[PDB]
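Have a look below at one chain only, the form deposited in one PDB entry, in structure tokens format.
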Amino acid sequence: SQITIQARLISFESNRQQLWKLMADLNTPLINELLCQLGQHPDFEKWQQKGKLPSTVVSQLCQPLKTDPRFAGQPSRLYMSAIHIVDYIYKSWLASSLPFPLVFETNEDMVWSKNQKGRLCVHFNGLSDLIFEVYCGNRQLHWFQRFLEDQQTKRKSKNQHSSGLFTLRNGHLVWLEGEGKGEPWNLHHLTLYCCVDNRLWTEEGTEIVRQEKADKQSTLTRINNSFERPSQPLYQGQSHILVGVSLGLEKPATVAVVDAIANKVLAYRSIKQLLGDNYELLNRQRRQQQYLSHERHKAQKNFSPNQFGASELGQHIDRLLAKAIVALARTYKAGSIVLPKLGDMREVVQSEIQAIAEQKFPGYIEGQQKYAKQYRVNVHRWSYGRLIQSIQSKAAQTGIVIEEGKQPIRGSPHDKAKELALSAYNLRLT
């Protein structure tokens, strides 16, 4: 699946300042001016009647800005970066003191080469003089090494390699703000974000992609190419087994590995089981959540800038749950991980508070509402969207599917997980 890999690009002060002048003082002005000229263009409104502006506008407004004196000329790929950035920003709008990123559509825009010291280096097409190396960890090193090897593998074939099978597919070159003062090229740390596809790493995965990619002069000309390709068996997840993930307030995500054929349950993996040594994180996140809503509502107008919202502990917990759920779907050979819909979750939470209140104080409504009010204080709504996103990401990475479900309104959390998995299996026939 798609995944973005980071790397710190490193070169000398001369090359860095050259790039800085190109971007911050000769292309960031280009970006801003193209943005206003999009704003100050006579037929601005007529396109909003459709709600989308096609690629025509930037295509015709790209070239008049080549010889504008304040721009001092850019390499062609930097013009492509600018036009793609304005495309991205106006698409994000139609729904700081830091230069706009650089956008590279394909890998051929990046040339890789080993130096005498052995490290990988990357230049960009149309630049050819800046020798930005690549800095990264082992979790990313094999990625860049494989990009270099595929580059070396296309040239030996006299450039008869299809571009899709290449591992690296996109790339973002951005500056990142830091501390200190002085010049900003030696202050903002350049970083390369590489977008790849794991589906195109394992040899079996690579051979999977050829069939649909044909779906016309060179449609099948250079499909077959060996590369260097590790062969690892594709994870063949058998169906008939679903891992429902009941989402709730007190138990945010409890799973039950259901064998739906005989309605037998294979594994009631609770959250204390889905997290292990990471269970201590769960309550911790709530300790932060109850904190934030206390401070966020305190400064009602958001006037006071404080540190609330400090950590991404929710993100880490949520991806930990994703990893554990996919691992526990593998261990029982599950053919899906089942999640409910966030659209059908606003009522689920409130039904849960009401049911817990009734089971704690039966009939005594004036005490039921009291208990519910002090229960909303202590246990807050989970970041369910992050959970669903991270679980879908890990499921795509490993290969298991995510299908829609329908959480039951009442019952035990394990009972809700089991019945949610069964409901998803029932909907699977549809």
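One rule holds for the numbers: they count along the sequence shown, beginning at 1. Rigid core: the largest C-alpha set superposing within 1.5 Å between the two forms.
The segment from residue 95 to residue 96 is interrupted, since 10 or more residues of the deposited sequence in that interval carry no coordinates. The segment from residue 215 to residue 216 is interrupted, since 10 or more residues of the deposited sequence in that interval carry no coordinates.
Although not depicted, the form deposited in another entry is the subject of the following passage.
The residue that stands out in 112, 143, 227, 175 is 227, the single one whose Cα moves by 2 angstroms or more between the shown form and the other one on a rigid core fit. For residue 68, the Cα coordinates differ by 2 angstroms or more between the shown form and the other one after the core has been superposed. A displacement of less than 2 angstroms separates the C-alpha positions of residue 376 between the shown form and the other one, with the rigid core held in common.
If you fit the rigid core between the shown form and the other one, you'll see the Cα of residue 89 move by 2 angstroms or more.
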